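Asks: Pasting a structure below so you can have a look.
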Amino acid sequence: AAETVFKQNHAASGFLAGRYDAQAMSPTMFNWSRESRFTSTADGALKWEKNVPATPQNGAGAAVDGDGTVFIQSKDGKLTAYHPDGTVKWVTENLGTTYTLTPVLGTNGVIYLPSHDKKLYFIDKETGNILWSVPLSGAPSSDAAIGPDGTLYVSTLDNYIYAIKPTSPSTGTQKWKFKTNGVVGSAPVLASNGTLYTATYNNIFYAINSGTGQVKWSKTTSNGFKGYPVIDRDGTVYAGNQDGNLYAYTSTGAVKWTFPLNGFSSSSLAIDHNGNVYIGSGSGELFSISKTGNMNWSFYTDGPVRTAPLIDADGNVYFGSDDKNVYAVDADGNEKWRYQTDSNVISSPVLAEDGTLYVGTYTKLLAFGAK
């Protein structure tokens, strides 16, 4: 257990509060504001590095529990639990290859990991033993988002949104399922009013009632949305589109505004307690954009920014780029430090209680400790 509990929301965000491990330091990559409640004095000095070969979907990465244990999947079928000092705590194998997702930490020590084996794994966080699995009709294309009652929402590659009850195979596991029109590119996120949001590469944006699985409203665009959106207190969805614009939709489906990214959207989003939203672009920039759609600042890198940015309690923003640099910037967009590595930084950063920053590439998991 950690000092303070994990919250999905600050005053300016509007995600649906789900049954996540409130005692963990970072129990989920997305479906939360991505503004850490922790500060960090990390100055860019590498604490350690491990070889974690991965191809994470939409910037998936590690999770950290209350004890500081770092859980991360590798594309060799392994789910590894690391102690804070880099030594292995346990390892479970034969869990799925090709693609990597985030091991989401639910209540009662359960890790929820969807597997390319077309299974949803219930894994004990303490030992790494598989409690049971739920079969999926297709390969999963998203992390597991957890509802208030523990329902798990994932998208599958055969064009479905699945609502799975967090129960043993002794009962029916399907709360509902929704056949989507096209390949899901925007993974399910959930808003305070109970709406689930997703989108497909047939250019359809869905607002789905997460209680019944019925479509509230939908919109088509000229191009497809990609990544995990963020939601503000008013229920407005901010989502990056491959046509080069960040869209903002109100909860009723009205277009609040758009902002041009000078390139295809390349990362999922973050929202701070002042209502600013952050997104990376294929143009190489990491944008900070106000709630009214005005650009606060733009940090330039030499490659597409695919890591979903992370904000700490002091307003510093951490991310990585396809120029193979890990970046830390202050709340005004000025560089604090950088770190050159051998592979593209694509696995979104995570912050531990003591300010240790974990971030990953295609080959390595990195750890930047305190100063």
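Asks: From the phi of every residue in segment 296-311, what ³J(HN,Hα) in whole Hz does the Karplus formula 6.51 cos²θ - 1.76 cosθ + 1.60 yield, where θ is phi - 60° and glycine or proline is x?
Replies: Taking θ as phi minus 60°, the curve returns 5, 7, 9, 8, 8, 10, 9, x, x, 9, 9, 6, 5, x, 10, 10 Hz for segment 296-311.
Asks: Treating the beta-carbon of each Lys and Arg as +1 and of each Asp and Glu as -1, no other charges, what is the dipole magnitude of the chain about its Cα centre, to the nearest 20 debye?
Replies: Values: 28 positive and 32 negative charges, 233 e Å.
It comes to approximately 1120 debye.
Asks: Considering only DSSP beta bridges whose two residues both sit in the chain, what percent are antiparallel, to the nearest 5? Intermediate values should be presented prior to the final figure.
Replies: Details: 105 of 108 bridges.
Approximately 95 percent, going by the DSSP bridge assignments.
Asks: Let me see the P(r) profile for segment 46-368: every Cα-Cα distance counted, bins of 10 Å, each bin given as a percent of all pairs.
Replies: Taking all Cα pairs of segment 46-368, the binned fractions are 6, 27, 36, 25, 6, 0 percent.
Asks: Let me ask you something else. Sort 319-330, 48-59, 248-259 for me by packing, meaning the mean count of neighbouring Cβ atoms within 10 Å per residue, highest on top.
Replies: 319-330, 48-59, 248-259
Asks: Run the numbers on segment 1-41 and let me know its relative contact order in percent, using alpha-carbon pairs under 8 Å that are six or more apart.
Replies: Answer for segment 1-41 is 44 percent.
Asks: Another question, then. Compute the distance from the alpha-carbon center of segment 58-78 to that of segment 132-162, in whole Å.
Replies: 18 Å
Asks: Would you mind computing, in nm to one decimal, how far apart the modelled labels at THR39 and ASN94 are, each placed 7 Å from Cα along Cα→Cβ?
Replies: Inter-label distance under the simple model: 4.9 nm.
Asks: Continuing with the same structure: Can you order the peptides 32-41, 138-147 by their average number of other Cβ atoms within 10 Å per residue, highest first?
Replies: 138-147, 32-41
Asks: Points 7 angstrom from Cα along the Cβ direction at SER218 and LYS256: gap in nanometres?
Replies: 2.4 nm
Asks: Under 10 Å, Cα contacts only: if you run a Gaussian network model on the chain, which one of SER348, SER298, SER155 comes out with the highest mean-square fluctuation?
Replies: Comparing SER348, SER298, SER155 in the GNM, the peak value goes to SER298.
Asks: A follow-up question, please. With an 8 Å Cα cut-off and a minimum separation of 6 or more residues, compute the relative contact order for the chain in percent.
Replies: Relative contact order for the chain comes out at 17 percent.
Asks: In nm, to one decimal, how far is the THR87 label point from the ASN108 one, both placed 7 Å along Cα→Cβ?
Replies: 3.2 nm
Asks: What residue among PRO229, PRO309, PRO84 has the largest mean-square fluctuation in a Gaussian network model of the chain, using Cα springs under 10 Å?
Replies: It is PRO84.
Asks: Also: For segment 55-121, which semi-axes, largest first and in whole Å, follow from the square roots of 5 times the eigenvalues of its Cα gyration tensor?
Replies: So the equivalent ellipsoid measures 18, 13, 11 Å along its semi-axes.
Asks: Assign unit charges at the C-beta atoms only (+1 for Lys and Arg, -1 for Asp and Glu), then state the dipole size of segment 125-184 relative to its Cα centre in Debye, rounded to the nearest 20.
Replies: In total the dipole reaches around 160 debye.
Asks: Using 0.36 nm per residue of separation minus the Cα-Cα distance, give me the extension gain between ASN274 and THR292 in nm, one decimal.
Replies: This chain segment gains 5.3 nm when fully extended.
Asks: Students often get this wrong: which residues of segment 94-124 have the backbone nitrogen under 19 Å from the point 7 angstrom along Cα-to-C-beta of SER137?
Replies: 114-121
Asks: Based on the alpha-carbon gyration tensor of segment 2-42 and its eigenvalue square roots a ≥ b ≥ c, which shape applies: rounded if a/c is under 1.5, prolate if not and a/b is larger than b/c, or oblate?
Replies: Oblate, since a/c reaches 1.5 and b/c is not below a/b.
Cβ coordinates were reconstructed from backbone atoms using ideal geometry, including for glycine residues, and neighbour counts include every protein chain displayed. Rule-based calculations on the coordinates, nothing more; no lab input.
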